[PDB]
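Chains as they are written, first to last, in the entry's author numbering: chain U, 12 to 93; chain M, 1 to 119; chain Y, 3 to 59; chain 1, 2 to 48; chain K, 1 to 137; chain T, 2 to 95; chain F, 2 to 176.
Cβ coordinates follow ideal geometry from the N, Cα and C atoms, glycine included.
Below is one structure; the comments refer to it alone.
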Amino acid sequence: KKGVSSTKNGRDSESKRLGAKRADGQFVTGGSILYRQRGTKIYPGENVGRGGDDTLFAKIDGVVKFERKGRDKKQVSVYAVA
Amino acid sequence: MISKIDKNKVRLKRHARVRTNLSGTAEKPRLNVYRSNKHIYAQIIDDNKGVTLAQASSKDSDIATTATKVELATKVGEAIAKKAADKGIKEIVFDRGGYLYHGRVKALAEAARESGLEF
Amino acid sequence: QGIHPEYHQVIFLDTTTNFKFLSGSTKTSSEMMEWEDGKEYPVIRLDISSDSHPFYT
Amino acid sequence: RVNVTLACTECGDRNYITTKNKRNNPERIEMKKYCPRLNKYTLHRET
Amino acid sequence: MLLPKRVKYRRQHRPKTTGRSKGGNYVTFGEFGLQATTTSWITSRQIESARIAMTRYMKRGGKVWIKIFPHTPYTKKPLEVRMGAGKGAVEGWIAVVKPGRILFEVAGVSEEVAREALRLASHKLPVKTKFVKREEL
Amino acid sequence: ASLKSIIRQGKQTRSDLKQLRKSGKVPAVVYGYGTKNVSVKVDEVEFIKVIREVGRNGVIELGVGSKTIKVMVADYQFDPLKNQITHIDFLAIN
Amino acid sequence: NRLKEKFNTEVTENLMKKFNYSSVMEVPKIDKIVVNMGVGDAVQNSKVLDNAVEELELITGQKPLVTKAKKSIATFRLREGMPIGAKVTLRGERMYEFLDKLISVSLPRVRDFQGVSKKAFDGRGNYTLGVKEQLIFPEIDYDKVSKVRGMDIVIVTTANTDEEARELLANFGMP
RNA sequence: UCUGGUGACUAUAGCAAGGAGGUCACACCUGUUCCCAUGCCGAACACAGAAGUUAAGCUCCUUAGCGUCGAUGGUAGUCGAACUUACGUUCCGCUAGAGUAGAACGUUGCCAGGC
RNA sequence: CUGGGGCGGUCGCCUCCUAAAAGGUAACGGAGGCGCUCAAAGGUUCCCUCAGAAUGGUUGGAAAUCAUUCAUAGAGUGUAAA
RNA sequence: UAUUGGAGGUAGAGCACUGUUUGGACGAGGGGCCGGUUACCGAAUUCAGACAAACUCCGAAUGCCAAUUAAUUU
C-alpha cells in the first residue's frame with residue numbers, strides 16, 4: 012500500500028438540500044418553503060417572505076407562481092383563490 | 001468644472017427606495033407629494049390597481065392664493081382629506097416622495113391628520 | 003458654517019492705490035476710519051501689487 | 002472573550018446570558034432587559 | 001510554444017479527445033497551412049521539433065505561425081509505486097488536436113517550399129495531416 | 002451570372018439534407034428587400050463557376066420558378082476536411 | 002461682493018461679447034474654490050495638522066476639514082484614515098473678497114516671471130496651483146509660522162475648459 | 001396627442017449627435033429674516049421670494065454611429081433505435097451558440113388642469 | 001481507515017469543483033478554511049455612493065491628501081470559498 | 001403518455017468577467033544617454049486569432065417538480 016505519499020485535500024462538508032421545494036401549480040399551505048437558497052437567486056414577491064437564512068416561505072395559503080422581475084432576476088408569488 | 005442638476009432626478013431615486021415598502025392598497029391607499037420650486041401636489045393612489053382615487057394641489061384654483069408655500073401646503077393637505085372622506089378613505093400611508101419629512105411635506109401631512117385621514 | 007471663525011471685509015487702504023477691496027481676519031485698529039472703504043484696519047501698509055510689477059513696473 | 006450572566010438589579014434574577022471581551026469592556030456590562038418576574042424592563046448587570 | 005508561464009490549478013482533469021475542432025479551422029495568418037485529420041495530444045517537445053524541421057528547410061526565408069499552444073498539464077506517477085496515495089506530478093504540457101485543426105501556418109515563401117516544410121513537420125508529429133492553402137472564393 | 006436553383010420542401014430531415022450533399026447539391030436560402038424567406042438548393046459545381054466568374058460580390062441572376070432575382074452572396078458555409086460547400090445565404094438588392 | 006459688483010458691471014459686460022452667447026445665463030460664472038492644504042508628513046507629527054488647521058481658519062474665514070487617507074499607503078505612514086490635509090470651500094461673497102485679496106497681494110511675494118501662473122492646469126478649467134505660503138498672509142506675519150507647504154487651489158466655474166479659464170483670468174489676474 | 005404627476009412593461013424603451021421649444025406648468029434663478037442646514041460649504045438641505053432667463057436641467061422632433069432586440073436556413077450537440085469497438089457509423093425526433101438579414105430613436109394605465 | 005500489513009497521513013464541522021443543468025452521489029480525488037470575533041462590525045431612523053484611469057499637479061517613492069469627466073461595479077461586505 | 005407552467009447552468013458554443021495565450025497596429029514610462037533622444041522593455045489602447053473541472057454575456061437534448069386537466073393501465 013504505497014508508503015508515505017500523502018495528500019492535503021481529502022475534506023468536504025455535508026451538502027445542504029437547497030434548490031426548489033414546490034413547483035408552479037400546486038397548493039402550498041402557508042409556511043411552505045419554496046426555495047432554499049443563499050443570497051437571492053429568487054426574491055420574495057406577493058405573500059412571500061424572506062427567512063434569516065435567505066429561505067423563501069409562503070405567507071398564506073394558495074397556489075405558487077414563479078415569474079420574472081426585471082431583465083435577469085426572478086421573484087416568487089402566492090395567490091389564495093382555491 | 002462641475003454641472004448643477006435639477007433636484008428632481010435625485011428626488012425620484014430616493015422615491016423608489018421608499019416606495020419599496022410603501023404600496024397603496026384599496027383599504028390603505030398611498031398619499032404622494034410632488035413639491036415644485038413654486039407648488040405642491042398630492043394624490044391618493046391604490047397601487048394594486050394603479051388608480052388615483054383623489055387629488056389636490058396649490059395650483060387647483062380652489063386653493064390658489066397668496067401665502068408662504070408652507071401655508072398653502074396646509075391647504076393642499078386639508079383639501080385632500082375632504083376629497084378622501086367623500087370616497088370613504090380613513091387610513092392612508094404617507095409617501096413623502098423623496099423629500100425629507102420637514103417643512104412643506106410635513107405641513108401637508110400634519111394638515112391631513114388634523115382633518116381626518118388616520119395616519 | 004456653524005462654528006465658523008471671524009473674517010470681515012476690511013479696508014486694505016494701502017498707499018499703493020488704496021486697494022481696499024479685500025477681506026480677512028486682520029481685525030486691527032482702524033487707523034483710517036473712512037467710509038468709501040471699510041471702517042476697519044488698513045492692515046496693508048506697503049506693497050508692490052499696484053506699484054512695481056516685473057511686467058508692468 | 003468571556004461569557005457573561007446578566008442579573009436584575011431589582012429582582013436579582015439571573016435572567017440572561019451573553020458574551021463580552023474582558024479587555025475592550027473590562028467592566029460589568031449593564032443593559033436594560035425584561036425581568037419576566039417583574040413584567041418590565043429593569044437594568045441588568047453582569048455578575 | 002512550450003509552456004504556459006503560470007496556470008491557476010496545476011493538476012487538471014485530462015482533456016476530452018472526442019468530437020470536432022472548436023475553431024482555428026482556417027488559415028488567417030499564412031498562405032499555406034497544415035491541418036489535422038485525426039486526434040492526438042500534441043506535446044511541447046513535438047511542436048518544438050516539427051518547428052525546427054520546417055524552418056530549417058525554409059532557410060529563414062519566410063514567416064511561421066504556430067497555431068497550437070500547449071495549455072494542459074499532464075501528470076505521471078513516480079516509478080514503481082502502487083495505486084492510490086494522491087495524484088502524481090506534472091510531466092509535460094499538452095494541447096489536444098482533433099480532426100480539422102490547423103497546426104502550422106506559413107507565408108512569404110514559394111508554394112513548393114512551404115509544402116516540403118510542412119511535410120517535414122508532419123513526420124515529427126503524431127497526427128495525420130493535410131496541406132491547405134488560404135481559403136478564398 | 003445566371004445561376005438557377007430548385008426549391009426544397011418542408012421538414013427536410015438530416016438524412017435528406019446529407020444525401021443532397023452526396024449528389025453534388027448544396028442547400029441555400031434567400032432573403033432581403035424585394036422578396037421573402039425562400040429556401041432553395043443550387044448545384045455546387047455551377048455556383049463555383051459563377052463565383053470565380055464574378056468574384057466575391059456580384060449582382061447575380063438567380064433562377065427561382067420563373068422569376069430571376071438580382072441577388073448577391075451575403076455570406077457562406079464550408080467543410081474544411083472533405084472539401085465541400087455547405088450552406089449559402091443570399092440577399093436581394095433589386 | 003466687491004468682485005461680485007465688478008462681475009455684474011464688467012465681466013458680464015466684457016465676457017458676454019468676447020465670445021457670443023445668447024442669454025446671460027450662458028455666461029461663465031465662478032462657483033467656488035477648494036483650498037486643500039495637500040499633504041504634509043504628519044506621521045510622526047500631528048502638530049503640523051494644527052499648524053495648517055489654524056492656517057486655514059485664519060487664511061480663509063472658515064474651519065478646515067482634515068480628510069483622512071482613503072487607502073493605506075506605504076513609504077510615508079498613511080494608514081487607512083491617517084489624518085492629513087485640509088480643504089476649505091469658498092462659495093458666497095467670500096469667494097470674491099478672498100479672490101480679490103489674492104491678486105491685490107500676489108505681486109509682492111510671489112516673485113514670478115512672465116505672469117504669476119502659466120499652463121499650470123489640469124486641462125479642463127481648474128488651477129491646481131501650489132504656493133509655498135508666499136503671498137498668502139498679510140493678516141498674519143511669516144513670523145508666527147513654522148512649516149512650509151503649498152496650498153493647492155483649483156477653479157470651479159460654469160466655464161467649459163481651461164481655454165476659457167484664461168479669459169476669466171482676465172478677471173484681474175495674470176495669464 | 002399635447003403638459004405635469006403617478007403605476008406597468010426583458011433598453012425594440014437606452015447612449016450619443018443634430019434641430020427646435022417654453023403657454024405659465026417645469027426648471028435655472030434670487031436671497032437667509034425665519035423653520036431649518038451640516039461634517040465640510042445656503043452647496044446640498046431647508047426656507048423666503050420672483051427681477052431675470054430658455055442658457056442649461058427638461059420636453060418634442062430627426063439619425064441606427066454605439067448599445068439593445070433578432071428570426072429563416074445550415075451546423076454542433078443530443079433522447080430513442082439499429083449496427084458496431086471505431087477518438088465511431090446509420091435512422092428518427094428535438095435542436096443550439098456564433099453569425100446573417102432585419103427590428104428598433106418605446107409603448108403605456110390612471111389623475112389633474114389643457115386643446 | 002489503509003489497493004496486504006507495517007511507516008507516513010487521516011478522523012468532527014464549513015465552502016468549492018469532480019457531480020452527468022432538481023435533489024443526492026465515492027476514492028489515501030483536485031483546492032481552501034473553523035474550534036472565533038462584534039457593546040458596535042447588533043436594532044431602528046435619516047442621509048451618502050465605489051475601485052481604477054487619464055486630461056495633474058504643493059508633496060509627487062509612481063499613485064500618500066487634494067481636483068475633474070468616465071467609471072456596472074472592475075470596489076467594499078470582520079474572516080475560507082461560493 | 002399527450003398537453004401546459006416552472007427551478008436549474010451539463011453537452012455545445014463563446015471570450016463580456018477571472019484568467020491562459022499567437023501574430024499585427026499604435027503612442028508612450030524606468031531606461032540605452034545627458035528629463036532625456038533611439039532601441040526597447042513594463043504595461044496603457046486597439047485589430048485578427050485561440051484554450052479552461054474548479055471562466056461564463058449565452059445555452060440545449062433529456063431528466064426532475066407540479067397542474068384547470070385528458071386518454072390507457074393497476
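Comparing C-alpha distances from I34 (chain F) to each of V28 (chain F), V12 (chain F), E94 (chain F) and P109 (chain F) shows the shortest one belongs to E94 (chain F). Under the three-state reduction of DSSP, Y99 (chain M) is assigned to coil, being neither helix nor strand.
Note on geometry: alpha-carbon atoms of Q48 (chain U) and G30 (chain U) lie some 6 Å from one another. Nearest to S16 (chain U) by alpha-carbon distance, out of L120 (chain K), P78 (chain K) and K133 (chain K), is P78 (chain K). CA-to-CA, the gap between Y101 (chain M) and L53 (chain M) works out to about 23 Å. Note on geometry: alpha-carbon atoms of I89 (chain M) and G73 (chain U) lie some 29 Å from one another. Contact check for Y9 (chain Y) against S27 (chain Y) passes: the beta carbons are separated by less than 7 Å. With the rule of 3 Cβ pairs closer than 8 Å, the segment 36-46 of chain F counts as touching the segment 83-97 of chain F.
Annotated three-state conformation of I45 (chain M) is strand, per DSSP. DSSP, reduced to helix, strand and coil, places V93 (chain M) within a strand of the structure shown. As for any alpha helix (DSSP H) of minimum length 4 sitting wholly inside the segment 27-98 of chain K, the runs are 44-57, ordered along the chain. Put simply, the segment 33-46 of chain 1 does not touch the segment 40-59 of chain K. Fewer than three CB pairs are less than 8 Å apart. Around the C-beta of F119 (chain M), fewer than 16 other C-beta atoms lie within 10 Å, and the residue is accordingly described as exposed. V60 (chain T) and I52 (chain T) have their alpha carbons spaced roughly 11 Å apart.
By the 16-neighbour rule on beta-carbons within 10 angstroms, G100 (chain K) is buried. Contact between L136 (chain F) and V106 (chain F) is confirmed by a C-beta separation of about 5 Å, below the 8 Å threshold.
Per DSSP, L12 (chain M) lies in no beta strand (DSSP E); the unbroken alpha helix (DSSP H) holding it starts and ends at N8 to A16. Taking 7 Å as the threshold, the shortest C-beta distance from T18 (chain U) to chain K falls below it.
Within chain U, no residue has its beta carbon less than 9 Å from that of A121 (chain K); the closest one is some 40 Å off.
Across the structure, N20 (chain Y) and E36 (chain Y) are spaced so that their CA atoms are roughly 12 Å apart. DSSP places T74 (chain M) in the uninterrupted alpha helix (DSSP H) bounded by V70 to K87. Just measuring C-alpha positions, the residue of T18 (chain Y), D39 (chain Y) and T17 (chain Y) sitting nearest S25 (chain Y) is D39 (chain Y). Taking a cut-off of 8 Å for Cβ pairs, the segment 48-56 of chain Y and the segment 163-170 of chain F do not touch, as fewer than three such pairs fall below it. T74 (chain M) and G103 (chain M) have their alpha carbons spaced roughly 10 Å apart. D101 (chain F) has a beta carbon lying within less than 7 Å of a beta carbon in chain Y.
By the neighbour-count criterion, in which 16 or more other beta carbons inside 10 Å mark a residue as buried, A16 (chain M) falls on the exposed side. Look at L4 (chain T): its C-beta is not under 7 Å from any C-beta on chain K.
Between the segment 10-18 of chain F and the segment 110-127 of chain F there are fewer than three inter-stretch CB-CB distances shorter than 8 Å, so the stretches are not counted as touching. Shown here for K28 (chain M): same chain residues with a beta carbon closer than 8 Å to its own, the five before and five after excluded, namely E91, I92 and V93 in chain order.
Inter-residue distance for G174 (chain F) and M38 (chain F) is about 22 Å (C-alpha atoms, whole angstroms). Looking at the backbone, the Cα of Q20 (chain T) and that of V59 (chain U) are separated by about 57 Å. By the rule that beta-carbons nearer than 7 Å mark a contact, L137 (chain K) touches chain T.
Contact between the segment 79-95 of chain K and the segment 30-47 of chain K is present, with at least three C-beta pairs closer than 8 Å. Interface residue (Cβ-Cβ distance to chain K less than 7 Å): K70 (chain U) is not classified as such. Membership of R47 (chain U) in the beta strand (DSSP E) is indicated by the continuous run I44 to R47. For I8 (chain T), the CB contacts under 6 Å within the same chain, skipping 5 residues up- and downstream, are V41 in chain order.
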